[PDB]
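Reviewing the structure listed below.
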Amino acid sequence: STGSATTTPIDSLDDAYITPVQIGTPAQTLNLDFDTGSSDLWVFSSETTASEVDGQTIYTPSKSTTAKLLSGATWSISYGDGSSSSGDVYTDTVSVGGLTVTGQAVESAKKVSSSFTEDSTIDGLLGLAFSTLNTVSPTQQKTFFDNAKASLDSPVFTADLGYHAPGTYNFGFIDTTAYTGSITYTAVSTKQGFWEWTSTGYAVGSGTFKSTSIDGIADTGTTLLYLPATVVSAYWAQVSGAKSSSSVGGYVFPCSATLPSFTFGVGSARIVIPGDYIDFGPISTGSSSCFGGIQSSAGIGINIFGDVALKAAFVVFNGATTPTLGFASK
(Lines give C-alpha, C1' and ligand atoms only; values in the text may rest on other atoms or scores of the structure.)
Protein backbone atom coordinates (compact mmCIF):
# COMPACT_ATOMS: atom_id res chain seq x y z
CA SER A 1 0.00 0.00 0.00
CA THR A 2 0.95 3.65 -0.31
CA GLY A 3 -0.38 6.99 0.79
CA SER A 4 0.15 10.46 -0.60
CA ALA A 5 -1.17 13.56 1.16
CA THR A 6 -0.64 17.22 0.41
CA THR A 7 0.80 19.23 3.28
CA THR A 8 -0.08 22.93 3.32
CA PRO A 9 1.64 25.83 5.10
CA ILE A 10 -0.64 27.10 7.91
CA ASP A 11 0.37 30.69 7.10
CA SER A 12 2.40 32.88 4.75
CA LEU A 13 5.62 32.10 6.74
CA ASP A 14 5.46 28.28 6.59
CA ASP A 15 5.31 28.32 10.43
CA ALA A 16 3.97 24.78 10.18
CA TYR A 17 2.36 22.48 7.67
CA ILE A 18 -0.97 20.73 8.07
CA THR A 19 -1.91 17.52 6.35
CA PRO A 20 -5.54 16.31 6.26
CA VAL A 21 -5.94 13.07 8.21
CA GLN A 22 -9.13 10.99 8.18
CA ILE A 23 -9.95 9.60 11.63
CA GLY A 24 -12.86 7.34 12.42
CA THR A 25 -15.94 6.05 10.66
CA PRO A 26 -17.47 8.01 9.06
CA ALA A 27 -14.21 9.93 8.46
CA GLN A 28 -13.50 12.95 10.58
CA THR A 29 -10.87 14.97 8.71
CA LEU A 30 -8.47 16.83 10.97
CA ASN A 31 -5.54 18.89 9.74
CA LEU A 32 -2.56 17.55 11.63
CA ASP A 33 0.99 18.74 11.95
CA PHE A 34 3.11 15.80 10.78
CA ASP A 35 6.02 15.83 13.18
CA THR A 36 9.12 13.69 12.50
CA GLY A 37 10.41 14.93 15.92
CA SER A 38 7.67 13.31 18.03
CA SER A 39 5.75 10.07 18.16
CA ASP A 40 2.23 10.92 19.35
CA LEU A 41 -0.80 11.26 17.11
CA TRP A 42 -2.92 13.54 19.23
CA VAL A 43 -5.96 15.56 18.29
CA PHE A 44 -8.18 18.28 19.59
CA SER A 45 -11.30 16.33 20.51
CA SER A 46 -14.75 16.46 22.07
CA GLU A 47 -12.79 15.87 25.33
CA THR A 48 -10.59 18.98 25.03
CA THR A 49 -11.25 21.59 27.73
CA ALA A 50 -13.72 23.85 25.88
CA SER A 51 -11.77 27.04 26.91
CA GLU A 52 -8.68 25.48 25.20
CA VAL A 53 -10.38 24.98 21.80
CA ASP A 54 -10.50 28.07 19.56
CA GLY A 55 -11.38 27.19 15.97
CA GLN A 56 -9.74 23.74 15.77
CA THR A 57 -11.61 20.86 14.19
CA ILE A 58 -12.15 18.28 16.93
CA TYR A 59 -12.24 14.53 16.82
CA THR A 60 -15.42 13.22 18.45
CA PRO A 61 -14.75 9.55 19.19
CA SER A 62 -18.45 9.04 20.13
CA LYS A 63 -19.40 9.78 16.46
CA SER A 64 -16.91 7.15 15.18
CA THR A 65 -18.30 3.62 14.88
CA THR A 66 -14.65 2.39 14.87
CA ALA A 67 -13.40 4.42 17.90
CA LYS A 68 -12.58 2.35 21.00
CA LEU A 69 -11.38 3.86 24.28
CA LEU A 70 -7.92 2.42 24.99
CA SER A 71 -8.95 1.80 28.57
CA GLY A 72 -6.59 3.29 31.20
CA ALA A 73 -4.22 4.76 28.61
CA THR A 74 -3.15 8.37 29.07
CA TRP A 75 -0.59 10.52 27.37
CA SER A 76 1.21 13.69 28.18
CA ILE A 77 3.71 15.44 25.94
CA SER A 78 5.90 18.57 26.21
CA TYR A 79 7.54 19.79 23.02
CA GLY A 80 10.90 21.56 22.55
CA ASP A 81 8.96 24.89 22.22
CA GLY A 82 7.47 24.52 25.78
CA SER A 83 4.01 23.58 24.39
CA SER A 84 2.21 20.58 25.82
CA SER A 85 -0.91 18.53 25.63
CA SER A 86 -2.31 15.51 27.42
CA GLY A 87 -5.37 13.34 27.56
CA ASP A 88 -6.63 9.85 27.01
CA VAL A 89 -6.45 7.50 24.05
CA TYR A 90 -8.79 5.93 21.54
CA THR A 91 -7.96 3.45 18.88
CA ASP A 92 -9.55 4.24 15.58
CA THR A 93 -9.08 3.95 11.87
CA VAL A 94 -6.70 6.62 10.61
CA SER A 95 -6.09 7.29 6.91
CA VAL A 96 -3.47 9.58 5.42
CA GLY A 97 -3.62 10.21 1.68
CA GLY A 98 -5.44 6.92 0.98
CA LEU A 99 -3.27 4.85 3.36
CA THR A 100 -5.33 3.35 6.20
CA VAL A 101 -4.22 2.04 9.61
CA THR A 102 -6.85 0.29 11.69
CA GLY A 103 -6.30 0.37 15.44
CA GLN A 104 -4.19 3.55 15.41
CA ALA A 105 -3.78 5.07 18.87
CA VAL A 106 -5.52 8.47 18.53
CA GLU A 107 -4.52 10.47 21.59
CA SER A 108 -7.49 12.64 22.52
CA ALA A 109 -6.46 15.95 24.10
CA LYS A 110 -8.16 16.79 27.38
CA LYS A 111 -5.68 19.65 27.88
CA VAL A 112 -3.55 21.63 25.40
CA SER A 113 -1.19 24.54 26.19
CA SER A 114 -1.98 28.04 24.97
CA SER A 115 0.18 27.84 21.76
CA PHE A 116 -2.04 24.94 20.54
CA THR A 117 -5.27 26.75 21.50
CA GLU A 118 -3.98 29.90 19.75
CA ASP A 119 -3.23 27.99 16.52
CA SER A 120 -6.73 27.37 15.07
CA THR A 121 -5.20 25.81 11.90
CA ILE A 122 -3.60 22.79 13.70
CA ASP A 123 -6.07 20.16 14.90
CA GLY A 124 -3.33 17.99 16.35
CA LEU A 125 -0.02 16.35 15.61
CA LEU A 126 0.86 13.14 13.83
CA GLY A 127 4.23 12.05 15.17
CA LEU A 128 6.61 10.31 12.77
CA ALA A 129 9.64 9.89 15.04
CA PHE A 130 10.38 6.43 16.49
CA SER A 131 7.61 4.87 18.54
CA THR A 132 10.10 4.68 21.49
CA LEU A 133 9.17 8.40 22.06
CA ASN A 134 5.43 7.74 22.20
CA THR A 135 4.10 9.09 25.54
CA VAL A 136 1.09 6.76 25.94
CA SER A 137 1.13 5.11 29.34
CA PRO A 138 1.05 2.45 30.53
CA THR A 139 1.12 0.83 27.08
CA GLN A 140 3.32 2.83 24.68
CA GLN A 141 1.66 3.09 21.26
CA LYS A 142 3.07 2.90 17.73
CA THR A 143 3.18 5.80 15.34
CA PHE A 144 0.98 5.81 12.25
CA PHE A 145 4.09 5.06 10.16
CA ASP A 146 5.13 2.20 12.46
CA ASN A 147 1.59 0.75 12.21
CA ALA A 148 1.51 1.23 8.40
CA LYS A 149 5.12 0.06 7.77
CA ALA A 150 4.38 -3.68 7.23
CA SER A 151 1.58 -2.84 4.66
CA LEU A 152 3.67 -0.28 2.75
CA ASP A 153 5.21 -1.17 -0.62
CA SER A 154 8.46 0.20 0.94
CA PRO A 155 8.99 0.99 4.65
CA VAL A 156 9.54 4.69 3.90
CA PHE A 157 7.82 8.00 3.99
CA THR A 158 9.01 11.11 2.28
CA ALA A 159 8.62 14.73 3.19
CA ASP A 160 8.56 17.14 0.29
CA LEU A 161 7.73 20.41 1.99
CA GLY A 162 6.94 23.48 -0.05
CA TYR A 163 8.46 26.91 0.34
CA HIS A 164 5.40 29.14 0.66
CA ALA A 165 3.53 26.35 -1.12
CA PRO A 166 1.97 22.98 -0.45
CA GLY A 167 4.14 19.92 -0.51
CA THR A 168 3.65 16.25 -0.09
CA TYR A 169 4.01 13.49 2.41
CA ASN A 170 4.21 10.11 0.71
CA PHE A 171 4.08 6.77 2.49
CA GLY A 172 5.45 3.57 1.09
CA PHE A 173 7.10 4.87 -2.08
CA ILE A 174 9.69 7.32 -3.37
CA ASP A 175 8.30 9.61 -6.11
CA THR A 176 11.34 9.70 -8.46
CA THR A 177 9.63 12.70 -10.23
CA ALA A 178 9.66 14.77 -7.00
CA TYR A 179 13.43 15.44 -6.91
CA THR A 180 16.42 16.18 -9.10
CA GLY A 181 19.66 14.26 -9.21
CA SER A 182 20.04 11.36 -6.81
CA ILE A 183 18.98 10.82 -3.22
CA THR A 184 21.94 10.75 -0.88
CA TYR A 185 21.29 8.44 2.06
CA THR A 186 22.90 9.00 5.42
CA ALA A 187 23.03 7.00 8.64
CA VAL A 188 20.38 7.52 11.34
CA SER A 189 20.79 7.03 15.09
CA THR A 190 17.46 6.07 16.72
CA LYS A 191 19.17 6.21 20.19
CA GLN A 192 17.17 9.37 21.16
CA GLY A 193 14.03 8.24 19.22
CA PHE A 194 14.60 10.86 16.49
CA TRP A 195 15.63 10.77 12.86
CA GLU A 196 19.09 11.81 14.06
CA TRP A 197 21.83 12.07 11.49
CA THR A 198 25.12 13.84 10.96
CA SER A 199 25.40 16.58 8.39
CA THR A 200 28.88 16.71 6.79
CA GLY A 201 29.10 20.48 7.01
CA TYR A 202 27.81 23.74 5.71
CA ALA A 203 28.44 26.71 3.56
CA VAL A 204 27.09 30.25 3.82
CA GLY A 205 26.09 31.80 0.51
CA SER A 206 28.82 31.32 -2.13
CA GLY A 207 31.31 30.65 0.71
CA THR A 208 33.56 27.61 0.84
CA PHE A 209 32.07 24.48 2.30
CA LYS A 210 33.13 23.82 5.88
CA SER A 211 33.53 20.05 6.46
CA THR A 212 32.32 19.51 9.97
CA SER A 213 30.05 16.91 11.56
CA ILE A 214 26.72 18.41 12.69
CA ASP A 215 24.60 15.86 14.57
CA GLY A 216 20.95 16.84 14.28
CA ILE A 217 17.41 15.62 13.79
CA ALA A 218 15.22 15.85 10.71
CA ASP A 219 12.18 17.43 12.38
CA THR A 220 9.23 18.44 10.17
CA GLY A 221 7.48 19.70 13.35
CA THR A 222 10.12 22.40 13.91
CA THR A 223 9.78 25.50 11.75
CA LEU A 224 13.38 26.68 11.76
CA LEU A 225 16.89 25.36 11.37
CA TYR A 226 18.67 25.19 14.72
CA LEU A 227 22.39 24.73 14.47
CA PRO A 228 25.42 25.20 16.69
CA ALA A 229 26.05 28.85 17.58
CA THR A 230 29.34 28.83 15.60
CA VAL A 231 27.53 27.91 12.38
CA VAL A 232 24.65 30.29 13.03
CA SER A 233 27.03 33.18 13.86
CA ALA A 234 28.97 32.43 10.64
CA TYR A 235 25.70 32.62 8.66
CA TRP A 236 24.33 35.81 10.23
CA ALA A 237 27.78 37.49 10.06
CA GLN A 238 27.09 37.58 6.29
CA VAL A 239 23.95 39.73 6.77
CA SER A 240 24.57 43.44 7.43
CA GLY A 241 22.87 44.45 10.70
CA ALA A 242 21.91 40.88 11.70
CA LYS A 243 22.19 40.41 15.45
CA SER A 244 21.17 37.97 18.10
CA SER A 245 18.42 39.64 20.19
CA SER A 246 17.75 38.12 23.66
CA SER A 247 14.60 40.37 23.73
CA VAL A 248 13.27 38.71 20.54
CA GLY A 249 14.77 35.25 21.30
CA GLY A 250 17.19 34.85 18.43
CA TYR A 251 18.80 36.27 15.37
CA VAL A 252 16.98 39.12 13.70
CA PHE A 253 18.07 40.94 10.61
CA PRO A 254 17.05 44.04 8.75
CA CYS A 255 13.97 43.32 6.63
CA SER A 256 15.86 45.31 3.91
CA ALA A 257 18.51 42.48 3.78
CA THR A 258 18.98 39.97 0.99
CA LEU A 259 19.77 36.74 2.81
CA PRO A 260 22.49 34.42 1.62
CA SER A 261 21.74 30.79 0.97
CA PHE A 262 22.78 28.18 3.47
CA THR A 263 24.14 24.87 2.26
CA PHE A 264 24.26 21.78 4.46
CA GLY A 265 26.12 18.60 3.63
CA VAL A 266 24.55 15.16 3.32
CA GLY A 267 27.53 12.91 2.86
CA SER A 268 29.21 14.27 -0.32
CA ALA A 269 25.91 15.89 -1.46
CA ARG A 270 24.87 19.45 -0.73
CA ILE A 271 21.42 20.82 0.01
CA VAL A 272 21.10 24.52 -0.69
CA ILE A 273 18.58 26.46 1.36
CA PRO A 274 17.81 29.62 -0.62
CA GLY A 275 18.17 32.75 1.44
CA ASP A 276 14.44 33.59 1.04
CA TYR A 277 13.65 30.36 2.97
CA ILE A 278 15.53 31.89 5.94
CA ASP A 279 13.27 34.99 6.06
CA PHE A 280 10.53 34.65 8.73
CA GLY A 281 9.39 38.20 8.31
CA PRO A 282 8.92 41.04 10.74
CA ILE A 283 9.29 40.16 14.44
CA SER A 284 6.08 42.20 14.93
CA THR A 285 3.61 43.67 12.45
CA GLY A 286 5.24 46.66 10.76
CA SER A 287 8.68 46.02 12.29
CA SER A 288 11.72 46.51 10.07
CA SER A 289 13.41 43.74 12.13
CA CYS A 290 12.89 40.31 10.59
CA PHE A 291 13.26 36.97 12.34
CA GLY A 292 15.94 34.62 11.05
CA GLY A 293 15.08 31.06 10.00
CA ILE A 294 18.53 29.86 11.12
CA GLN A 295 18.84 29.98 14.87
CA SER A 296 21.22 28.69 17.52
CA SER A 297 20.50 25.26 18.95
CA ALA A 298 22.62 26.20 22.02
CA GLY A 299 19.56 26.44 24.36
CA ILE A 300 17.98 23.17 22.89
CA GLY A 301 20.64 20.46 23.44
CA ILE A 302 20.12 19.13 19.90
CA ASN A 303 20.56 20.57 16.41
CA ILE A 304 17.28 20.57 14.50
CA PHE A 305 16.97 20.33 10.75
CA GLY A 306 13.48 21.80 10.82
CA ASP A 307 11.27 22.88 7.91
CA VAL A 308 13.69 25.67 6.76
CA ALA A 309 16.22 22.93 5.93
CA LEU A 310 13.85 20.11 5.01
CA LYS A 311 11.71 22.16 2.58
CA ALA A 312 14.90 22.69 0.50
CA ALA A 313 15.06 18.91 0.00
CA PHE A 314 13.14 15.85 -0.91
CA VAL A 315 13.62 13.88 2.27
CA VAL A 316 13.32 10.13 2.58
CA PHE A 317 12.58 8.75 6.03
CA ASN A 318 13.73 5.19 5.44
CA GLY A 319 12.19 3.07 8.21
CA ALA A 320 13.96 -0.13 7.09
CA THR A 321 15.37 -2.34 9.90
CA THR A 322 18.42 -0.02 9.78
CA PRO A 323 16.72 3.38 9.36
CA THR A 324 18.41 5.90 7.10
CA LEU A 325 17.65 9.40 5.84
CA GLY A 326 17.78 10.35 2.18
CA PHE A 327 18.10 13.86 0.90
CA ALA A 328 17.73 15.01 -2.68
CA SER A 329 17.66 18.45 -4.23
CA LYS A 330 14.37 19.31 -5.96
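Scheme for the C-alpha coordinates: letters A, B, ... for chains in order shown; per-chain residue numbers from 1; ligand numbers from 1 in order shown.
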In range 46-156 of chain A, what's helix (DSSP H, G or I) per DSSP? Answer as a PyMOL selection string? chain A and resi 50-52+61-63+114-118+131-133+144-149
Skipping near chain neighbours, those fewer than 5 positions away, what residues fall within 10 Å of residue 301 in chain A using only C-alpha atoms, listed as an mmCIF file with N, CA, C and O atoms, in the first residue's frame?
data_model
loop_
_atom_site.group_PDB
_atom_site.id
_atom_site.type_symbol
_atom_site.label_atom_id
_atom_site.label_comp_id
_atom_site.auth_asym_id
_atom_site.auth_seq_id
_atom_site.Cartn_x
_atom_site.Cartn_y
_atom_site.Cartn_z
ATOM 1 N N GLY A 80 9.703 20.692 22.489
ATOM 2 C CA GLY A 80 10.896 21.560 22.551
ATOM 3 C C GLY A 80 10.564 23.036 22.669
ATOM 4 O O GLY A 80 11.407 23.777 23.217
ATOM 5 N N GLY A 216 22.238 16.174 14.114
ATOM 6 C CA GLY A 216 20.951 16.840 14.282
ATOM 7 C C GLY A 216 19.816 15.905 14.002
ATOM 8 O O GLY A 216 20.056 14.796 13.579
ATOM 9 N N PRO A 228 24.511 24.707 15.679
ATOM 10 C CA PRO A 228 25.420 25.202 16.691
ATOM 11 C C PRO A 228 25.678 26.693 16.485
ATOM 12 O O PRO A 228 25.652 27.255 15.369
#
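Those residues that approach residue 56 in chain A to within 7 Å, counting only C-alpha atoms, are residues 44, 53, 120, 121, 122 and 123 of chain A; same-chain residues fewer than 3 positions away are not listed.
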Which one is closest to residue 54 in chain A: A:86, A:117, A:30, A:92? Count only C-alpha atoms. A:117
Show which residues sit within 6 Å of range 127-141 of chain A, as a ChimeraX atom specification. Count only C-alpha atoms, and ignore same-chain residues fewer than 5 positions away. /A:34-41,73-75,193-194
Would you list, as a ChimeraX atom specification, the residues of range 55-291 of chain A that end up in strand (DSSP E) under DSSP run on this structure's backbone? /A:68-78,84-96,99-112,124-127,156-160,167-171,184-187,196-204,210-218,225-227,243-245,250-254,262-266,269-273,279-282,289-291
Please provide the set of residues having any atom within 8 Å of residue 70 in chain A, restricted to only C-alpha atoms, with same-chain residues fewer than 5 positions apart removed, written as a PyMOL selection string. chain A and resi 88-91+105
Save the residues we just selected, N, CA, C and O atoms, as a PDB file, in the first residue's frame?
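Final output, saved to result18.pdb:
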ATOM      1  N   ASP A  88      -6.420  11.301  27.022  1.00  0.00           N
ATOM      2  CA  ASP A  88      -6.635   9.849  27.011  1.00  0.00           C
ATOM      3  C   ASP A  88      -6.505   9.384  25.575  1.00  0.00           C
ATOM      4  O   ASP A  88      -6.177  10.197  24.689  1.00  0.00           O
ATOM      5  N   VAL A  89      -6.795   8.117  25.341  1.00  0.00           N
ATOM      6  CA  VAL A  89      -6.452   7.498  24.047  1.00  0.00           C
ATOM      7  C   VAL A  89      -7.618   6.665  23.584  1.00  0.00           C
ATOM      8  O   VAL A  89      -8.194   5.911  24.367  1.00  0.00           O
ATOM      9  N   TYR A  90      -7.889   6.790  22.302  1.00  0.00           N
ATOM     10  CA  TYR A  90      -8.787   5.927  21.542  1.00  0.00           C
ATOM     11  C   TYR A  90      -7.949   5.213  20.505  1.00  0.00           C
ATOM     12  O   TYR A  90      -6.833   5.613  20.141  1.00  0.00           O
ATOM     13  N   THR A  91      -8.447   4.072  20.108  1.00  0.00           N
ATOM     14  CA  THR A  91      -7.960   3.449  18.877  1.00  0.00           C
ATOM     15  C   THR A  91      -9.025   3.701  17.846  1.00  0.00           C
ATOM     16  O   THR A  91     -10.239   3.672  18.152  1.00  0.00           O
ATOM     17  N   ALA A 105      -3.593   4.270  17.645  1.00  0.00           N
ATOM     18  CA  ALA A 105      -3.778   5.070  18.865  1.00  0.00           C
ATOM     19  C   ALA A 105      -3.989   6.533  18.453  1.00  0.00           C
ATOM     20  O   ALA A 105      -3.099   7.168  17.815  1.00  0.00           O
TER      21      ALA A 105
END
Find the spatial neighbours of residue 15 in chain A, counting only C-alpha atoms, within a cut-off of 9 Å - ignore same-chain residues fewer than 2 positions away - and output them as a count of residues only. 11
Here is a test: counting only C-alpha atoms, which residue of A:249, A:162, A:205, A:155 is nearest to residue 318 in chain A?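 For residue 318 in chain A, the nearest of the given residues is A:155.
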Which of these residues is nearest to residue 219 in chain A, using only C-alpha atoms: A:174, A:239, A:161, A:148?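 Selected residue with least distance to residue 219 in chain A: A:161.
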Env of range 175-189 of chain A: 7 Å cut, atoms = only C-alpha atoms, seq-sep filter 3 positions within chain, self excluded. Answer as a VMD selection string. chain A and resid 195 to 197 266 to 267 269 314 323 to 330
One-decimal distance in Å that lies between CA of residue 27 in chain A and CA of residue 150 in chain A: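 The value is 23.1 Å.
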Nearest residue to residue 31 in chain A out of A:298, A:125, A:99, A:225, using only C-alpha atoms?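 The shortest atom-to-atom distance to residue 31 in chain A comes from A:125.
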Point-to-point distance from CA of residue 85 in chain A to CA of residue 21 in chain A, Å rounded to tenths: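 According to the coordinates, CA of residue 85 in chain A and CA of residue 21 in chain A are separated by 18.9 Å.
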